[PDB]
Amino acid sequence: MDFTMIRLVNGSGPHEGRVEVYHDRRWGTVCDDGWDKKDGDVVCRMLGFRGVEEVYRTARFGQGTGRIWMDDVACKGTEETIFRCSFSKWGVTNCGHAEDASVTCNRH
Ligand SMILES: *[C@@H]1O[C@H](CO)[C@@H](O)[C@H](O)[C@H]1NC(C)=O
Ligand SMILES: [Ca+2]
Ligand SMILES: [Ca+2]
Ligand SMILES: [Ca+2]
């Protein structure tokens with residue numbers, strides 16, 4: 001069910017974009033602090049892709065709005081859901097939306 005609470009927005013296709021997660025009845029973004037291919041691989045597999053192609057820092061697919069829900073995401077890279085990775089307290093970040101994280105998943 002966790003796959004319903006993550007999404008990729010404003011990419012060239014559904015395989016890529018700004019990462020947004022659903023928490024407390026709202027979509028919010030993910031800070032790029034410590035954002036790396038281990039975290040991206042977890043996101044990509046959650047969404048049904050084979051894995052991560054590349055991750056991007058500094059709002060590569062534009063700034064989100066609203067809450068920044070996750071910061072300092074520290075996935076090992078093999079988790080079945082990003083919500084079992086280590087990360088910040090929900091909504092507690094030292095980030096702005098200029099730091100919103102993104103991913104391109106291996107698909108094409
Ligand atoms: C979407 O991403 C592009 C870069 O590919 C960015 O320039 C643009 O701001 C983003 N779109 C939004 C919603 O602004
Ligand atoms: Ca940063
Ligand atoms: Ca941080
Ligand atoms: Ca990380």
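Residues numbered from 1 in each chain as written, not as in the entry; some residues may be left out. Chains lettered and ligands numbered in written order. Heavy atoms only, no water. Residues with missing side-chain atoms left out of burial classes, pairs and counts.

The record names X-ray crystallography as the way this model was obtained, at a resolution of 1.7000 Å.

J.: Requested: an account of the coordination of the calcium ion (ligand 2), with residues and values cited.
T.: Looking at the metal site, the calcium ion (ligand 2) is ligated by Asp32 (OD), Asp33 (OD) and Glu99 (OE), spaced 2.2 to 2.4 Å from it. In terms of primary sequence, the donors binding the calcium ion (ligand 2) are separated according to D-D-x65-E. Across the pair, exposure class does not vary: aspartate 32 and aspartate 33 are buried alike. (Donors = N, O, S within 2.8 Å, 3.2 Å for Na, K, Ca; no water. Buried < 20%, exposed > 50% of the residue type's maximum accessible area, 1.4 Å probe, protein only.)

J.: Just give me the short version of the coordination of the calcium ion (ligand 3), but keep the residues and values in it.
T.: Distances from the calcium ion (ligand 3) to its protein donors, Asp33 (OD), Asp71 (OD), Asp71 (OD), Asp72 (OD), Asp72 (OD) and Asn94 (OD1), fall within 2.4 to 3.0 Å. Geometry at the calcium ion (ligand 3) is irregular, judged from the six donor atoms that bind it and their angles of 46 to 173 degrees at the metal. The sequence pattern formed by the donor residues of the calcium ion (ligand 3) is D-x37-D-D-x21-N. With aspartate 33 in the loop between β3 (26–30) and α1 (37–46) and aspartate 71 in the loop between β5 (68–70) and β6 (102–106), the pair connects residues that are 38 residues apart, well separated along the chain. (Tetrahedral: all angles 85-135°; square planar, octahedral: opposite > 155°, others 65-115°. Helix = DSSP H or I, 4+ residues; strand = E, 2+ residues; numbered from the N terminus.)

J.: Explain the state of the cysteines to me, using residue names and the numbers behind them.
T.: Two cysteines form a disulfide when their sulfur atoms are joined by a covalent bond. If you walk through the whole model with that rule in mind, you get three disulfides. What pairs with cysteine 31 in a disulfide is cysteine 95, and their sulfur atoms sit 2.0 Å apart. Because the sign of the S-S torsion sets the handedness, a value of about -90 degrees for the bond joining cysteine 31 and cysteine 95 places this disulfide among the left-handed ones. Here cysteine 95 lies in the loop between β5 and β6 and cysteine 31 lies in the loop between β3 and α1, a separation of 64 residues in the sequence. Classification of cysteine 31 by relative accessible area gives buried; the value is 1%. In this model, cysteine 75 is linked to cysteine 85 through a disulfide, with the two sulfur atoms separated by 2.1 Å. Taking the sign of the S-S torsion, 100 degrees for the link of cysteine 75 and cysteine 85, the bridge is right-handed. With a gap of ten residues between them, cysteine 75 in the loop between β5 and β6 and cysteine 85 in the loop between β5 and β6 connect regions that are remote in the sequence. Across this residue pair, the class does not change: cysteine 75 and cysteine 85 are buried. Each bonded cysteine of the chain is numbered by sequence order, and under that numbering the disulfide pairs are 1-5, 2-6, 3-4. (Disulfide = S-S within 2.5 Å.)

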